[PDB]
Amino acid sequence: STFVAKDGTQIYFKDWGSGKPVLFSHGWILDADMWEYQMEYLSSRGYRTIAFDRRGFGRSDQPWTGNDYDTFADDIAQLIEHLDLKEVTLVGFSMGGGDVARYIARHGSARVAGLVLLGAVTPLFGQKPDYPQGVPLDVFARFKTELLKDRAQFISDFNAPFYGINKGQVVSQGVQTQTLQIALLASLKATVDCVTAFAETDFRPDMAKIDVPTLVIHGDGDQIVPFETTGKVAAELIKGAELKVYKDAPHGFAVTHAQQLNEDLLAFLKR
């Protein structure tokens, strides 16, 4: 399915099952297919599951402009309104934690029953003057430099720390191939602009707007989005938030810890 965003960008989405809606927002250099197992799992157990390809990724159009969290958050508002969704549970992975958060911050929680943050960049990823513990901006400047020379090899090399293969996680060549294949569908522009977006956007104001039950899940072996300065802090900043830490789990834990995640999501939805 597709809908057309305010600026005319066509966004691809899947809308599966029937029942209370669960809307998934993918990570960086991925697309809606990253969620296929969670979607099948929940939609087979009486839920409606929705997942979109962020502008510039997967099967969506690739605009030059609007590759920023305010627009990502309004793309989500437009999807929710296109489907007239109610009592939605929002699930964001990695950079996708940011746009579900920003959606709540910009539009309020009237349509939202709950929030899940998975290996998420929230509440802030990069360094700020009052957050020297964040990731130094040099690190992200280097992602960009490498992407603007050879994004295909950057993606391939990124699989190892993403999935924690270099620290004894076991992920098949098939998954690594599918990950590269989907990432190559994305716009070069959107891939680079997203670095800018997740490196510098401060979601701490958003945390205080979150007035719905929230579950934060993060792997403490995450080599991409450090648990100590993201998930751990998000869980303290969001009122009433629950935190689950997957022991030694990598960033790419929706694959390495799929069954555990499916079960925790179902548990949260049934709370």
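Counting begins at 1, following the sequence as shown.
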| query | finding |
| --- | --- |
| Stretch with the higher entry mean CA B-factor, where the candidates are 240 to 248 and 28 to 36 | 240 to 248 |
| Of 65 to 73 and 203 to 211, the one with larger mean CA B-factor | 203 to 211 |
| Selection from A186, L180, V170, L147 [criterion: highest C-alpha temperature factor in the record] | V170 |
| Highest-ranked of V112, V175, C194, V116 once sorted by CA temperature factor in the record | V112 |
| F125, C-alpha B-factor rank within chain (lowest, middle or highest third) | middle |
| Among modelled residues of the same chain, the CA temperature factor third for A190 | lowest |
| Ranked against its chain, the third holding the CA B-factor of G98 | middle |
| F52 - Cα temperature factor, lowest/middle/highest third of chain | lowest |
| B-factor third for the C-alpha atom of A160 within its chain | lowest |
